[PDB]
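In the authors' numbering, the protein residues as written are 1 to 139.
Shown next as structure tokens:
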């Protein structure tokens, strides 16, 4: 919804519970991400989201993206080039062959199970997250 209501500090806290919540809210998604980019970890998340949306994309932009997403993080010469286990990575590489909607479903799990307690955790440790709670502004 375009419109909202008063009460951001309370909302933020939600994200301090687990990536899950952070994702639900729009601001929490970008906020939590920001910190990632800094630690050059965003790649993990960036890829995740790409998947959730991937399916959303039309059949015309379904396949075209498949390879793309895999060429962004699931690629060797890529910027967000992520890293996955052997058993997992192997399965993915094979799935890629045929572009679909849940082709990268497997990976989504591995990463998700990671970022959840991989990056999210730090977010709480750092202050960037606290900022919102208090109020990131002059005063």
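Don't be surprised by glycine CBs; every beta carbon is placed ideally from N, CA and C.
Residue 14 beta carbon less than 7 Å from that of residue 23: Residue numbering aside, residue 23 sits at position 23 when the chain shown is read from its first letter. Residue numbering aside, residue 14 sits at position 14 when the chain shown is read from its first letter. In this structure, residue 23 keeps its C-beta atom at 7 Å or more from the C-beta atom of residue 14.
Assigned secondary structure, residue 24 (DSSP; H/G/I helix, E/B strand, else coil): Locating residue 24 in the chain shown gives position 24, where the first residue counts as 1. DSSP places residue 24 in helix when its eight states are reduced to three.
Residue range of the unbroken alpha helix (DSSP H) whose run includes residue 92: In the chain shown, counting from the first residue as 1, residue 92 sits at position 92. Segment 86-96, the alpha helix (DSSP H) holding residue 92.
Taking Cβ to Cβ, would you say residue 49 is nearer than 7 Å to residue 42? Counting from one through the chain shown, the residue named residue 49 turns up at place 49. Counting from one through the chain shown, the residue named residue 42 turns up at place 42. Not a contact, by the Cβ cut-off of 7 Å.
Measure the Cβ-Cβ separation of residue 133 and residue 9 and say whether it is below 7 Å. Numbered from its first residue, the chain shown carries residue 133 at position 133. Numbered from its first residue, the chain shown carries residue 9 at position 9. Cβ atoms of residue 133 and residue 9: closer than 7 Å.
Spatial neighbours of residue 12 within its chain, please: C-beta separation below 6 Å, excluding the five flanking residues on both sides. For the purposes of this step, residue 12 is taken as the residue at position 12 of the chain shown. Answer for residue 12: 132, 133, listed in chain order.
Residues in the same chain with beta-carbon distance under 7 Å from residue 112, minus the five sequence neighbours each way, listed in chain order, please. On the chain shown, residue 112 is found 112 positions in, with the first residue counted as 1. Excluding residues within five positions, the ones whose Cβ falls inside 7 Å are 48.
Which value, in whole angstroms, describes the spacing of the CA atoms of residue 16 and residue 83? Translated into positions along the chain shown, residue 16 becomes position 16. Translated into positions along the chain shown, residue 83 becomes position 83. When rounded, the distance between both Cα atoms is 26 Å.
First and last residue of the alpha helix (DSSP H) that includes residue 13? For the purposes of this step, residue 13 is taken as the residue at position 13 of the chain shown. 9-15 is the span of the alpha helix (DSSP H), which, as asked, contains residue 13.
Quick one: using the 10 Å Cβ neighbour count with 16 as the cut-off for buried, is residue 67 buried or exposed? As a position in the chain shown, residue 67 is number 67, starting the count at 1. It is exposed - the Cβ of residue 67 has fewer than 16 other Cβ atoms within 10 Å.
Exposed unless 16 or more other CB atoms sit within 10 angstroms - verdict on residue 92: Residue numbering aside, residue 92 sits at position 92 when the chain shown is read from its first letter. When all chains shown are included, residue 92 counts as buried.
Helix, strand or coil at residue 129 [DSSP, three-state]: Locating residue 129 in the chain shown gives position 129, where the first residue counts as 1. In the structure shown, residue 129 sits in a helix (DSSP, three-state: H, G or I).
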